[PDB]
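Just one chain is shown here, as structure tokens, and it is the form deposited in one PDB entry.
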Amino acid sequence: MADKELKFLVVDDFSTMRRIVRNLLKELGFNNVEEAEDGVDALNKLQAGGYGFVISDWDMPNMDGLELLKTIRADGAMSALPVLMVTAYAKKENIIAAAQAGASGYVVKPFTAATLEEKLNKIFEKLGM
């Protein structure tokens, strides 16, 4: 995947968390990044079009990560959009629920740039990108 201009949507209800992920993406060479504060805000941005990757926190108010993921997967236009779920604590049940709903990957924060880069690269490879 050589498109460093792949457009990311970073979804988290904590501004600091969104800024962390944006800064790690910047470090890796991904500068085309937008932010959303919950699942509905995210869906509104996604319908504007152009997005290539979603990094979403699991626990958000109003519409959480799992529901956002399900909505994306049920959307004809965005059904195959890569979605990487972020959580503070890995739980078997959550990982399985996310997988059943079509998550592309799942990562525990806090994470480093190297860790994020590995998650991304493994998803690109899994998806044939």
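One rule holds for the numbers: they count along the sequence shown, beginning at 1.
One more form of this protein exists, namely the form deposited with a partner chain bound; it is left out here, but the text below deals with it.
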| property | result |
| --- | --- |
| Non-hydrogen atom contact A48 with the partner chain in the entry with it bound at 4.5 angstroms | no |
| In the entry with it bound, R22 touching the partner chain (heavy atom, 4.5 Å) | no |
| 4.5 angstroms heavy atom contact with the partner chain in the entry with it bound for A90 | yes |
| Touches the partner chain in the entry with it bound: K122 (any heavy atom, 4.5 Å) | yes |
| Heavy atom within 4.5 Å of the partner chain in the entry with it bound - residue from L28, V40, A80, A99 | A99 |
